[PDB]
Amino acid sequence: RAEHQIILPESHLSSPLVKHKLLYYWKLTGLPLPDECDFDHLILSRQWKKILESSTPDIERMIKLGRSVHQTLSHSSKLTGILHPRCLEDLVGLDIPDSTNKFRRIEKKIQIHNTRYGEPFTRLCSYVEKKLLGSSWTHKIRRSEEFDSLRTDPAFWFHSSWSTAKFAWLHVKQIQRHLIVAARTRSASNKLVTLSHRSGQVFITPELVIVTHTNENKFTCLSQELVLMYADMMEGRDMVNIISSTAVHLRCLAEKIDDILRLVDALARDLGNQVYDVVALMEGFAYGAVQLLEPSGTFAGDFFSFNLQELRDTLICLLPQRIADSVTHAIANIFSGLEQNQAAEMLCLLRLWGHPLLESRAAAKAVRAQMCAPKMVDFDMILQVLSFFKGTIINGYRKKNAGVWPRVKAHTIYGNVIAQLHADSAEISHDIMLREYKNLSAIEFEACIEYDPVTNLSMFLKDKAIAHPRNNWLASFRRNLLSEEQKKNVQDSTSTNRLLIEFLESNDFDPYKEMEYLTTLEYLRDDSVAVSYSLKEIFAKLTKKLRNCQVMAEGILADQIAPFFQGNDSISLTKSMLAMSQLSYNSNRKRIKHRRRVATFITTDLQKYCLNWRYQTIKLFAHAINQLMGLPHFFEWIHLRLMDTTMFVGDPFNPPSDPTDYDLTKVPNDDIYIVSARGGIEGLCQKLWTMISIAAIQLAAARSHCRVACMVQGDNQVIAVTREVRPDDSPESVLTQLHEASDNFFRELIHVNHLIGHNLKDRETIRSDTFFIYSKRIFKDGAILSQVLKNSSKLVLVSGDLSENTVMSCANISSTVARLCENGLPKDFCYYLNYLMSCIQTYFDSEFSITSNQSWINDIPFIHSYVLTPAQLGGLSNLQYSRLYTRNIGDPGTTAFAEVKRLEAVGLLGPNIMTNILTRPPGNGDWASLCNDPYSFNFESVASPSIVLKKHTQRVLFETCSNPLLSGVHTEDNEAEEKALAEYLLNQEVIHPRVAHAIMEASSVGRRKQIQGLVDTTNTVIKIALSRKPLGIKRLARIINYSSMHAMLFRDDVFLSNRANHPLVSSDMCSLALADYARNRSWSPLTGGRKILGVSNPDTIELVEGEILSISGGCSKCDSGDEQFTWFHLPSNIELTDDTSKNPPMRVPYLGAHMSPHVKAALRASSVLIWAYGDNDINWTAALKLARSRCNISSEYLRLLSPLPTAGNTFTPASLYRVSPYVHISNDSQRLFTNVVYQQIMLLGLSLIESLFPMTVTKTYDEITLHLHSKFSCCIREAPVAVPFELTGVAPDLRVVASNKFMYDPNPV
Amino acid sequence: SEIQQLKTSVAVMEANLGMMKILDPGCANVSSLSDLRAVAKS
Amino acid sequence: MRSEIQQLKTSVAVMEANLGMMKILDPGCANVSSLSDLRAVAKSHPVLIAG
Amino acid sequence: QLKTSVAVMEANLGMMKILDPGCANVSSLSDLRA
Amino acid sequence: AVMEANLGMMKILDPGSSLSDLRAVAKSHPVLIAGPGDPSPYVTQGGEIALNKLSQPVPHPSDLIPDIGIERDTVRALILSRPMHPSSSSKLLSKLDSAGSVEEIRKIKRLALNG
């Protein structure tokens, strides 16, 4: 069949490693188990004499596999059954010569790719660098030796250490995925592939892979997602080897990494599964080697010595003492001698041995030891934290509501100090919060906050699992493994147990009646509530009503109460964190009362944070928020429910080991159970806990008499303790005051967390004068510290599971290579690296496929010109050369034609391809396709499989939507309204796709698209919606054959064509003339000859013609009559190391109401519609009829509320910031772009500045000045004449329901 | 006066005894919209 | 004056009777609570004690 | 009056610790509801 | 006055290492049972409760109760990784293998971090 080739097996590890799945399939064959599984609690208790008589195919494959494996081993010795991770070192050296010779066929073609095209890549990179840096820098344009090592050794992926095992495990992985796909079909094919490696064999089935070593007479068994873990770690550590041995500032790491890998492999043979207690310390050794480089003598080598002592203490319990000493010495010599970036690069050693095998019993023991423990918290410290909690609430409400306190009960205002602040409504200071805490903690509020239960609506549309209730909890496990009276307590489940689908189908959903599950205490009478815990190393599974109330409570806190505490989001988190390490000592030392403030940093992680909160600690805080909302009982629900319920760690292969467990209220506080838990669950009730943590941090600040800038997202807290000094104050005094302030604050933070029941350590928390740690990135002296090797470990070779998609795989390669280029790599190296890895990708999909292409896969110029042509035009390349310098904001079509023009000029891409793109036959095309996706060409293309499956599940899930919230989302004529609106907006005298995209996005049509795009279409949701409604025959053949159709469409349209009807424009014109010609020709069957305009933007590299000035100054452009440029200056003699006594001042570089949002969207549509087409009565009638779909305003309130007509139609940093915080920007002599274009020029200039200094450079020596001249460009055009007119025709009806708060606003504004 | 300070020192006693009472999970039907002196005096 | 002193004495007399009923721990563990206090309390609508 | 109030303060407010005797043993949920 | 007639102190021994200083610095508190359960495994004959580092009562208080390899490896890491003149770094590495105690390694650690 063909339905089974849609949702493929996963090619990468997305799940934990359950031990008893592996041991189920191990026991199901007749092989001996490992010797640490002789007294196992689940294996010795199941009734295997009935399981093995099921005669399912899943058991017959295992029995035939055991007769295959047992026949090859011998009876002269003992067959051993070594379990992961005790077989890391043997599977590390796995060497199948049948996969080596199958990857050498790819290597043989990549070497021809280099020897035919490597010299035009050199010509391209030198061309673009000579254009952007001028011909006065032309004695400094050499290719980097990263690029030259990539140019002499094309098979970097094939000739490293770890490459043979990478070949072997990728071939084993693709064979097993093919066998799973074949085993979906009910057939009788031989589902057993036997490979032969160096001294042994490999047996592959859809469930197990068995590796047998015949001289040692041993074997190991690996489950479905354990061969994925081995394949992932092999290509990860291989790519880490490649990048660390090519890059010059990383070559000392490479040997170290091999050492630190192989040593720990040798530990895994006799530590076993506890070797991941060693691996977990490796992160610490990367944080302590940064703290070796302190400016003072304090803090240096404290966390390093702590982790070295912890490593000795974990080793001496399992190893002999001598081997523990020698291994500790080896770990100490690996992480010593590193730079500031090379120490942060060793954070790649985390996922590089993979993951342990998990079980439910040990996880449940680890949870019971801390969540069922007794606690004793201090009442007076709860009063102090509650004082700062309520004072922060009062000050935040005062700031939000224009100087008014919350509605406080008048008889609860004690003393004369708070009673005086109440009359003035004055902002309460932290010193009054500490002094008057007995009077401020005892204050009560009244209902003065109008909340909203359903606000986000994306949190109710998540694919979260729902636990089926506690009379059916034995449906959590696989029915094959239950006992005979445990099978009688399992019922059928009509539900899907997903939050999304059971939210859509739940009619009579009233949020204010769903909150009565908690305010009326009916969640606590309810004897169907079950909580299920999950295997991990952050997630639980609640029932339907309780999950609804948890989502509501989180939304209400994050919407109303949480911004009172400021939470202390991508550019604004590299401006609040990059400016937070500007306060460090080494950031302002040339500058060095109350004049200049400095800070020293404390990154703390609390021991077992979420499951040490008790009801006795959180009750008064929840009480305060309940009084402030008007709720009798809302925000303390989790502790009261978990005290009264029993929960279990749920896993389908981990049943209860006692076969007589039927009722949860009668199982002991034992095997998988946590009976009457007293702590909290992670993620649940997170906002309240973050607010209590902020209140404790500000309390510790006030109790130690200092100011503090914190940032806390749960157990990860970062505090900058601050101290204000003089410019003429000595540096020794500044360091002494910072050390005393950090000591006093850290003691008070220890003290106020110990008394409310929490532990942050004296030694595990990293205190530092220099760096802090946020989102696992190290921020150090106003700079982000590099992580190229982490991104190298994810440079992998299959992406996604929805088909055999090569375009999305090459797109993931391009995004990872761009992220490598952001962490500081040569541009030419990353560009030619993406070419070579995309060729590896496109040859790995003709071979090694688990599911025609014989004509074009042996065509080397086709594969070249197909991986190098941009994806906007039909090729595979999602990395233009301009993406190496800056972000892709701008027009994708002009950047596409600009890259094609550069590649044609330097000799890479042929002359035929340009004229064949220009003479390309047009596609189907709609007005709706031009409105929904502007910047787009009407070329014949195949739709992406992920877009098709996502859109199919969004259309299928909303067919059975029935709740009163979001009732008008799925209408029967939304596509007719979409076509009518797009034909009204676009089919005018002047065609504007971008303003029509803005109008339709601001109307109710785009609101329906925006609501339907919020649903979580994961693989399980797509399987459900394809079971409820099949996909078809034409669309499904386009899903399965997507890559072959995409490649043959490139081959037919633009690679192999005659095109005797030669176009008007030639290949030498500007790229926006080219993109305008391609749009005006491609949309010509739809449009009819009119000019699609208002779309194109210039490419930033093609626009400017840069120049670096000489020593005397003066540019060859401004000597030739040029005045339009941006000016970039870098001061001389800048240190990039710790000696920052003579650096120039560092600053943050350049990076980039009171109404309902329905009225905002309506007024935005009004502003865009009047700005773009004209300002008279017909345009205002159309603007009224479009704004009337989202709100209930009249005609006269449009004209006095619409904004003025304008052009408005760290997780991943933009770069490292080493020499860009010193550059000075003057956009003064350029007056044409004073807008998006000058943003592009400024970002291109900063990337060209920081491109001049590789990571091997720590000192500048001269002054650098750029003039980005853009006057004598072919791509300069004056803005046209905006000609107003009347919109012919009438606007569509755009019907709307009035009951939706999510699509409509009935209040007359 | 000292009596006016004893009033506001005696009042936070009941406001803290009501706090100690509502920390008990057996006081889970005490609605939050209630005076803590009144919870203490009951 | 004297009336406020009488109300202070009466309020402290209420406080000593309230501290006589709380479950203060002593060696011997006489006044403990079970998990059935919450179960008997949750069977009704949450009550208002204010005044 | 000034002495018994501070005697209630020192043993009521400043010195008061709050015990949650969590069920760190092996017993079922219906055994804890007894 | 009449205050100690009802509130029984319980002699809490927070470690804010032997049993003597735990008994010596141990303030007495009136602890108040709020949660359900039995607190009897955590008190001791004499009325004393020992708390953990997480403010957890412990069953018996004795749960609450150098090296040269680590101290030489860390000072090698400080000499190797900090900026230092290469003759002086080799001189500090020269008189470090000749050490024989925890003392005179600390002299090099305060000799390396101070220059």
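Residues numbered from 1 in each chain as written, not as in the entry; some residues may be left out. Chains lettered and ligands numbered in written order. Heavy atoms only, no water.

## A short note on the overall build of chain E
No. 1: From N to C terminus, chain E includes four helices and three strands.
No. 2: The globule rule puts the C-alpha radius of gyration for 115 residues at 13 Å, and the 25 Å found for chain E is more than 25% above it.
No. 3: Across its three principal directions, the C-alpha atoms of chain E cover 75 × 30 × 25 Å.
No. 4: Across the 115 residues of chain E, 45% fall into the buried class.
No. 5: Summed over all atoms, the accessible surface of chain E reaches about 6,000 Å², with 55% contributed by carbon and sulfur. (Helix = DSSP H or I, 4+ residues; strand = E, 2+ residues; numbered from the N terminus. Rg over C-alpha atoms; globule rule 2.2 N^0.38 Å. Buried < 20%, exposed > 50% of the residue type's maximum accessible area, 1.4 Å probe, protein only. Areas by Shrake-Rupley, 256 points an atom, 1.4 Å probe, with all protein chains shown as cover.)

## Examining helix α36 (residues 1004-1012) of chain A
Residue and element names in this part refer to chain A.
No. 1: Buried residues dominate α36, accounting for seven of its nine residues.
No. 2: For α36, the full list of buried residues reads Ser 1004, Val 1005, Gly 1006, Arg 1007, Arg 1008, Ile 1011 and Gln 1012.
No. 3: Those residues of α36 that are buried are in contact with α33 (945-957), α34 (974-986) and α35 (993-1002). (Contact = heavy atoms within 4.5 Å.)

## Focus: the domain arrangement of chain E
No. 1: Taken domain by domain, chain E consists of domain 1 (1-65) and domain 2 (69-112).
No. 2: Computed from C-alpha atoms alone, the centre-to-centre distance between domain 1 of chain E and domain 2 of chain E is 46 Å. (Domains from an automatic or database assignment.)

## Description of the environment of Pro32(A)
Residue and element names in this part refer to chain A.
No. 1: Inspection of the secondary structure puts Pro 32 in the loop between α1 (19-27) and α2 (48-51).
No. 2: In this structure the C-alpha to C-alpha distance between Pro 32 and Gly 81, which are 49 residues apart in sequence, comes to 6.1 Å.
No. 3: With residues near it in sequence (within four places) discarded, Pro 32 still touches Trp 26, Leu 79, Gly 81 and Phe 219.

## Regarding the side chain of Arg614(A)
No. 1: Mapping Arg614(A) onto the fold places it in the loop between β10 (596-607) and α22 (615-629).
No. 2: Reaching out from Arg614(A), the side chain makes a polar contact with the backbone oxygen of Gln370(A) at a distance of 3.4 Å.
No. 3: The contacts of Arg614(A), once residues within four sequence positions are left out, are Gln370(A), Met371(A), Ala373(A), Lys375(A), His639(A), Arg678(A), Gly679(A) and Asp20(D). (Polar contact = N/O pair within 3.5 Å; in protein donor to acceptor, adjacent residues only side chain to side chain.)

## Describing the interface of chain A and chain B
No. 1: Facing 27 residues of chain A, the contacting portion of chain B comprises 20 residues.
No. 2: Surface buried jointly by chain A and chain B totals about 2,000 Å² across both partners, of which 64% is contributed by carbon and sulfur atoms.
No. 3: Considering only the surface of chain A that becomes buried against chain B, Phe379(A), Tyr414(A) and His623(A) emerge as the three largest contributors, covering 25% of it.
No. 4: Linking chain A with chain B are one salt bridge, by the criterion used here.
No. 5: Joining chain A to chain B, the criterion identifies five residue pairs in polar contact.
No. 6: Secondary structure elements with two or more residues in the side of chain A that touches chain B: α15 (379-400), α18 (437-440), α22 and α23 (637-644) of chain A.
No. 7: Take the side of chain A that touches chain B: its biggest share by element is seven residues, from α22(A). (Buried area = accessible area lost by both parts, 1.4 Å probe. Salt bridge = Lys/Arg side-chain N within 4 Å of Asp/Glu carboxyl O.)

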